[PDB]
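Residue-level structural notes
For reference, the chains in residue letters:
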Amino acid sequence: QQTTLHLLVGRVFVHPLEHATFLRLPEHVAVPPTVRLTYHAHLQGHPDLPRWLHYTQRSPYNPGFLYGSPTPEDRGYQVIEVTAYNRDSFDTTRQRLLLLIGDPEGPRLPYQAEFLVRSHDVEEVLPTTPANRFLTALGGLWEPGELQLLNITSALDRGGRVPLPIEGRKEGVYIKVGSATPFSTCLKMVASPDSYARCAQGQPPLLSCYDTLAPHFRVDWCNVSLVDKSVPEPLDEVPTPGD
Amino acid sequence: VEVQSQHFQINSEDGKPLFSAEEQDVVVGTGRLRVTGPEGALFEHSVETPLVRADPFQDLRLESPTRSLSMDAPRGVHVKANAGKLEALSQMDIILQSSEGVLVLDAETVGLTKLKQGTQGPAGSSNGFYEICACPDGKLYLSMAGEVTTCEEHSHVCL
Amino acid sequence: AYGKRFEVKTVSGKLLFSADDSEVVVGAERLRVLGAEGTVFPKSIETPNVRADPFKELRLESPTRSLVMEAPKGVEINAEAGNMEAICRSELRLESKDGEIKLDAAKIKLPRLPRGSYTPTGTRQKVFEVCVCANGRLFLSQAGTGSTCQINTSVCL
Amino acid sequence: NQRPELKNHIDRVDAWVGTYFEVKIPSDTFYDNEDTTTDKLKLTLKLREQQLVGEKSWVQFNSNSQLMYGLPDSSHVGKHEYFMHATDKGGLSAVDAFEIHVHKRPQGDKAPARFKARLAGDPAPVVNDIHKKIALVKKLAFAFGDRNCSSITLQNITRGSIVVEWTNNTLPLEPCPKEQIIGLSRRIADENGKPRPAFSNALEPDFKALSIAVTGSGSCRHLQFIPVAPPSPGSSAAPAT
Amino acid sequence: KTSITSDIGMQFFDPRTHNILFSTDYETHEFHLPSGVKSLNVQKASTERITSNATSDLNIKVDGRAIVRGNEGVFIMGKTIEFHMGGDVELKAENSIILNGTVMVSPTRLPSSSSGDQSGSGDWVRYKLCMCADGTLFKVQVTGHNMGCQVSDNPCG
Ligand SMILES: *[C@@H]1O[C@H](CO)[C@@H](O)[C@H](O[C@@H]2O[C@H](CO)[C@@H](O)[C@H](O[C@@H]3O[C@H](CO)[C@@H](O)[C@H](O)[C@@H]3O)[C@H]2NC(C)=O)[C@H]1NC(C)=O
Ligand SMILES: *[C@@H]1O[C@H](CO)[C@@H](O[C@@H]2O[C@H](CO)[C@@H](O)[C@H](O[C@@H]3O[C@H](CO)[C@@H](O)[C@H](O)[C@@H]3O)[C@H]2NC(C)=O)[C@H](O)[C@H]1NC(C)=O
Ligand SMILES: *[C@@H]1O[C@H](CO)[C@@H](O[C@@H]2O[C@H](CO)[C@@H](O[C@@H]3O[C@H](CO)[C@@H](O)[C@H](O)[C@@H]3O)[C@H](O)[C@H]2NC(C)=O)[C@H](O)[C@H]1NC(C)=O
Ligand SMILES: *[C@@H]1O[C@H](CO)[C@@H](O[C@@H]2O[C@H](CO)[C@@H](O[C@@H]3O[C@H](CO)[C@@H](O)[C@H](O)[C@@H]3O)[C@H](O)[C@H]2NC(C)=O)[C@H](O)[C@H]1NC(C)=O
Ligand SMILES: *[C@@H]1O[C@H](CO)[C@@H](O[C@@H]2O[C@H](CO)[C@@H](O[C@@H]3O[C@H](CO)[C@@H](O)[C@H](O)[C@@H]3O)[C@H](O)[C@H]2NC(C)=O)[C@H](O)[C@H]1NC(C)=O
Ligand SMILES: *[C@@H]1O[C@H](CO)[C@@H](O[C@@H]2O[C@H](CO)[C@@H](O)[C@H](O)[C@H]2NC(C)=O)[C@H](O)[C@H]1NC(C)=O
Ligand SMILES: *[C@@H]1O[C@H](CO)[C@@H](O)[C@H](O)[C@H]1NC(C)=O
Ligand SMILES: *[C@@H]1O[C@H](CO)[C@@H](O)[C@H](O)[C@H]1NC(C)=O
Ligand SMILES: [Ca+2]
């Protein structure tokens, strides 16, 4: 029933929920695609998940997903209970997960870039292979350096709009990538006010260096947030208990 | 009236705690709270209780102002009223479904308000029409339409 | 403080706080709960009105049990702009011990009745057929033998 | 033709008492398989069940341009619900239920500036006609030179003669900025209260303008702005203990 | 009793940190829910979803009427949906009622004709039900004997 997982503060953690684990079907057989499941995870002893966790699922046929980046104040031991609820036989099953929020290892990541991928949805990015493909595609522009995901969030949580299904329009996702090596000239130029001025009236964003994410990743280029975490925030004042 | 101390407490006459405010967090020991404000409580995410009552107001009103209300229970949904009545209204449709089971209509009298009329003419095509029969089990079944009665001809279905 | 009842009131007289033995009355015009994972009330709630926020949908769900609703004076269900769907799996029972069932929709469909099968001799049980009186009240009559849905005495209007 | 889908919800329209409020229906609220946009559908507003909204109601829906406009009354504080029906050429209708909040302004009684304009005639037709009130507010905004009607916040209409009092929502709450108040006074009338010719031209031909006055409120409640004021006496509360 | 009368009310703050732990000036200091409450009695609960425990029912007990209003539809799911109505059951739609699935009816309570009650000579107005291909129901007048569902016109559109 229970399972133990390891998590690092300020990093993306994804644990897909699949019919095979909950329905406990035989390994040598495959679960029929006609089955339907609607999981609902919640904190133990409480009716919903904490702030830093998120649950998403497209259709009952598709597998569910738990994601989110733990916050430093949420370090320790946590228990998450998942209640799978079949929609055909109307019978439920329960499972537990144990999460141990560790601590980040190695040097800090002080250079962060927030993108906006309009060619993918939060369901198609959570699995490991698309995320790795995106990381390798972005590695060319940020070379030298290694990129590790820091935050993934659906656009609908950021005041987005449901897209009209005309040809291929999708909600889009926000991906935050952190690294320790300083940005190249291309990323600095993209974040320059000239691009903002250009797309203010409708001119295409300035892009001199060769793109690599295309055509598999249509990215809104003049909306890319650059954050430098060098010179960290000063210590906040604290009150000493009086006599 | 300003009370400046480290631990404020209100007890019963015997000594059972009734209320306590300190640096840690406020605690209500009587096991009941009551807010008399007209705006009422404003929750954030969810509420987990095993019983919802309507005090002496004698009227409960569940409402979803701009989206669809929905109930759910895997073991079944029960609605009870010893001396009341059910009035289901809808401006679009009323769909009752059962994937595998039956639809029992237990009532001494059942009335159908709206039902049009059709002239009985042999010239029309027999196909595309059916006649409803009810065998002593209680279930209903269909028979191919015809100029004469045919319920007894296809009475094998509920054997 | 000890005693039987502790209260706070304004000069005109208005209970801003009162912690008696039974309950703790608070005069706040609006209580706000800011929990992120929800709140748990072991015993119950007592409200005359439940109203979802104007961006979400109410959902009275029980995760692994049945939902029982009691209302002695009657139940009314309204869906002003949508179907009043009711999906089950085992049995959908509409009971009325000493009343009636009325269906006032503009049309009625029953598109899953078990289709019959042809039998030359058939069976001998009297398969009743359904016939409607003048005022819309249904009744059952014996299978095709002599008379028709007639033979009803005076039970319908 | 499959019935139109409700791609995006509205579910909330905010409004404050007195100020003119208007909302344009977004271009992706509805979507049909053929028309493919809400502007090609037929939008209508309904109160409840299927009954229509009366022409005397404080909320009106201009369907051809797909706009909703209104001026909530002083006694309509609270929450209301409505329905938006989208009908295509095939007769299929999609309904979206939304809710309108009418709330009192945060500066309801702390407004630094309170105005007053006197108009000859009767106030009975004006009070019970939303279109006339909208026209009056728009004419006032045009007279002041500001094309945005959302600034003016009407408060009261009296009997006998049409005496209308309002505030300027743009004006800061604290402290009272006297200089633009006196500039508006110069642009609107003279020192003795006789209206500026531009004001008379703008207000006409709806009503007849005779005189206006501007008093103080908020922090500087002891000041009158029309240049006939004896401004020196204020609170005048200086006792001796 | 132990009464306090004032224009504002009692206020308690810890001298060590000088933070108001509990004030009765609700407008300036909002009220936070104190831990340990088993039941709550509020005038209006603007929640978003009500759930029972992982192993308990959700009982809804009232004494008067219960009014349910979903402004965009009311959806009910489960295994066995029951309506133990003590009076009348009135489904009043406006476009159609779709009685999907197998339909049954109690024969022991419905008025069933008996054999040997041909006393009524007068042929009162009566109808026999009929099931169109698409699903719509329509009644046909009964005149003679041994007649079924043959109709020249098209009643079900
Ligand atoms: C993020 O970046 C993408 C593409 O790079 C933009 O589509 C998106 O919104 C757009 O933002 C730019 C400026 O950042 C703006 O020029 C675009 O049009 C404006 O829209 C505002 C909306 O109020 C108008 O007032 C203004 O006159 C322009 O027309 C805007 N696109 C749209 C469709 O609104 C960017 N989002 C954010 C939050 O920056
Ligand atoms: C409520 O008060 C504000 C004051 O902040 C008014 O805004 C000003 O309105 C006037 C006329 O409506 C405008 O002319 C002001 O714009 C400025 O005007 C000067 C000339 O006076 C120009 O030289 C400037 O270039 C600028 O255009 C405007 N002030 C600002 C900062 O926008 C507002 O109108 C008033 N409400 C109403 C209903 O009149
Ligand atoms: C990863 O992205 C998510 C996207 O939602 C971030 O969650 C958001 O975090 C901010 C910062 O806390 C929240 O804003 C404010 O949070 C405070 C609590 O500190 C709260 O009191 C305020 O009311 C306000 O909510 C924001 O709400 C939250 N988003 C959601 C949907 O809850 C998250 O912080 C990001 N994490 C990292 C490491 O980048
Ligand atoms: C989930 O919530 C349900 C709420 O019903 C919990 O079950 C209830 O637990 C309480 C314990 O405080 C039981 O009260 C006890 O009842 C017995 C017998 O009546 C009585 O002798 C005791 O003095 C006490 O009052 C209550 O009966 C019980 N109800 C049901 C229906 O089981 C349950 O424990 C909760 N589970 C978790 C994991 O939180
Ligand atoms: C009355 O109940 C029956 C039983 O569910 C409904 O039949 C169901 O109708 C839907 C839609 O027509 C079918 O879904 C379709 O299934 C096919 C595969 O067969 C798939 O290719 C389509 O994309 C679509 O998903 C469903 O299979 C069918 N169920 C059965 C058991 O036949 C019927 O629609 C209900 N009547 C009304 C008026 O709603
Ligand atoms: C008229 O008023 C409306 C709202 O009161 C203005 O729309 C927004 O106004 C706020 C603050 O006034 C700005 O921050 C937004 O950028 C405005 N939205 C836009 C411009 O799309 C509107 O700009 C006003 N128009 C005039 C001519 O004053
Ligand atoms: C904390 O200690 C410092 C000593 O430097 C003192 O000045 C300060 O007042 C203390 N904090 C509080 C809240 O009293
Ligand atoms: C001004 O409005 C208030 C609102 O309470 C009303 O009582 C008063 O009669 C109004 N005065 C005039 C002159 O219209
Ligand atoms: Ca809605």
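Residues numbered from 1 in each chain as written, not as in the entry; some residues may be left out. Chains lettered and ligands numbered in written order. Part of a larger assembly, values for the part shown. Heavy atoms only, no water.

Here we come to the pairing of strand β10 (residues 89-92) of chain E. The alternating pattern of β10(E) places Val89(E) and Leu91(E) on a buried face and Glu90(E) and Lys92(E) on a face that is not buried. By the bridge criterion, four bridges tie strand β12 (residues 86-90) of chain B to β10(E) in an arrangement that is parallel. Bridge pairing in β10(E) links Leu89(B) to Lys92(E). Here strand β12 (residues 91-103) of chain C runs beside β10(E); their pairing, made up of three bridges, is parallel. (Buried < 20%, exposed > 50% of the residue type's maximum accessible area, 1.4 Å probe, protein only. Helix = DSSP H or I, 4+ residues; strand = E, 2+ residues; numbered from the N terminus. Pairing = 2+ DSSP bridges.)

Turning to the site of ligand 8, a few remarks are in order. As a matter of local geometry, ligand 8 sits amid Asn156(D), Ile157(D) and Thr158(D). Between ligand 8 and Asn156(D) there is a distance of 2.4 Å, counted from an oxygen atom to a side-chain nitrogen or oxygen. (Near = heavy atom within 4 Å. Polar contact = N/O pair within 3.5 Å; in protein donor to acceptor, adjacent residues only side chain to side chain.)

All names here are of chain D. A separation of 2.0 Å between the sulfurs of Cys 176 and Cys 220 falls under 2.5 Å, matching the UniProt disulfide annotation for this pair. Residue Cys 176 is located in the loop between β11 (162-168) and α3 (178-188), and its partner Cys 220 is located in the segment after β12 (208-216); the two are separated by 44 residues in the primary sequence. When sorted by exposure, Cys 176 lands in the same class as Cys 220, which is buried. (Disulfide = S-S within 2.5 Å. UniProt positions renumbered as here; feature names shortened; annotations may be inferred.)

Here the focus is the interface of chain B and chain E. Each partner contributes residues to the interface: chain B has 116 residues there, and chain E has 108 residues. When the two sides are added together, the surface that chain B and chain E hide from each other amounts to roughly 10,300 Å², 55% of it contributed by carbon and sulfur. Counting the surface chain B buries against chain E, the share from its top three residues, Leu33(B), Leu86(B) and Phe129(B), is 6%. Our count for the contact surface shared by chain B and chain E stands at five salt bridges. (Contact = heavy atoms within 4.5 Å. Buried area = accessible area lost by both parts, 1.4 Å probe. Salt bridge = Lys/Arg side-chain N within 4 Å of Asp/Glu carboxyl O.)

Residues and elements named next belong to chain A. Reading across the sheet, the four strands line up as β1-β6-β5-β2 and stay open at both edges, with mixed pairing between neighbours. Each edge of the open sheet is held by one strand with a lone partner, namely β1 (4-7) and β2 (41-43). Between one strand and the next, the sheet's axes are offset by a mean angle of 30°, whatever the strand orientation. One ladder, built from three bridges, connects β2 with strand β5 (residues 76-85); its direction is antiparallel. Within the sheet, the bridge partner assigned to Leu 43 lies in β5 and is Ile 80. (Axes fitted to C-alpha atoms, helices over the stretch in contact; angles between N-to-C directions.)

All names here are of chain B. Taking strand neighbours across the sheet as the criterion, the three strands line up as β2-β3-β4 in an open arrangement whose pairing is antiparallel. Here the strands that pair on one side only, and so sit at the sheet edges, are β2 (7-11) and β4 (27-28). One ladder, built from five bridges, connects β2 with strand β3 (residues 17-22); its direction is antiparallel. Along β3, the bridge assignment pairs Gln 9 with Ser 20.

Time to look at helix α3 (residues 128-142) of chain A. Residue and element names in this part refer to chain A. The terminal C-alpha atoms of α3 lie 20 Å apart, and with 15 residues this matches the ideal 21 Å at 1.5 Å per residue to within 8%. Among all positions in α3, only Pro 130, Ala 131, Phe 134, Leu 135, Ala 137, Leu 138, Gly 139, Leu 141 and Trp 142 are buried. In this structure, the buried residues of α3 make contact with β7 (111-114), α2 (122-125), β8 (148-154), β9 (173-179) and α4 (185-190). (Expected span 1.5 Å × (residues − 1).)

Around the calcium ion (ligand 9), the protein contributes the donor atoms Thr66(B) (O), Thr66(B) (OG1), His9(D) (ND1), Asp11(D) (OD), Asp96(D) (OD), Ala97(D) (O) and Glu72(E) (OE), at 2.3 to 2.9 Å from the metal centre. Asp96(D) gets classed as buried once you look at its relative accessible area, which sits at 0%. You can call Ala97(D) buried: its relative accessible area is 1%. (Donors = N, O, S within 2.8 Å, 3.2 Å for Na, K, Ca; no water.)

Looking now at the UniProt feature "disulfide bond" in chain C. Residue and element names in this part refer to chain C. For the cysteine pair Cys 131 and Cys 156, annotated in UniProt as disulfide-bonded, the sulfur atoms lie 11 Å apart, too far for the bond to be present in this model. Within the secondary structure, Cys 131 sits in strand β14 (residues 128-132). Along the chain, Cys 156 turns up in the segment after β15 (138-141). In these coordinates the annotated UniProt disulfide of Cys 133 and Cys 149 is not reproduced, with an SG-SG gap of 11 Å that is not under 2.5 Å. Looking at the element boundaries, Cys 133 is found in the loop between β14 and β15. Of note, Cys 149 is situated in the segment after β15.

So, on to the packing of aromatic side chains. Across all of its chains, the model carries 19 aromatic pairs over all chains by this definition. Here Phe8(B) and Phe19(B) contribute two aromatic rings whose centre-to-centre distance is 6.4 Å and whose plane-to-plane angle is 65°, an arrangement assigned as edge-to-face. Within this pair, whereas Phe8(B) is found in strand β2, its partner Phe19(B) is found in strand β3, the two being separated by 11 residues in sequence. This pair shows no difference in class: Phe8(B) is buried, exactly as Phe19(B) is. Centre to centre, the rings of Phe144(D) and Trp166(D) are 5.8 Å apart; their planes meet at 75°, and the pair counts as edge-to-face. A residue pair is termed long-range when its members are at least 10 positions apart, and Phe144(D) in helix α2 (residues 130-144) and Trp166(D) in strand β11 qualify at 22 residues. There is no split in this pair, since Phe144(D) and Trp166(D) are both buried. (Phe/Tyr/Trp six-rings, centres within 6.5 Å; stacked < 30°, edge-to-face > 60°.)

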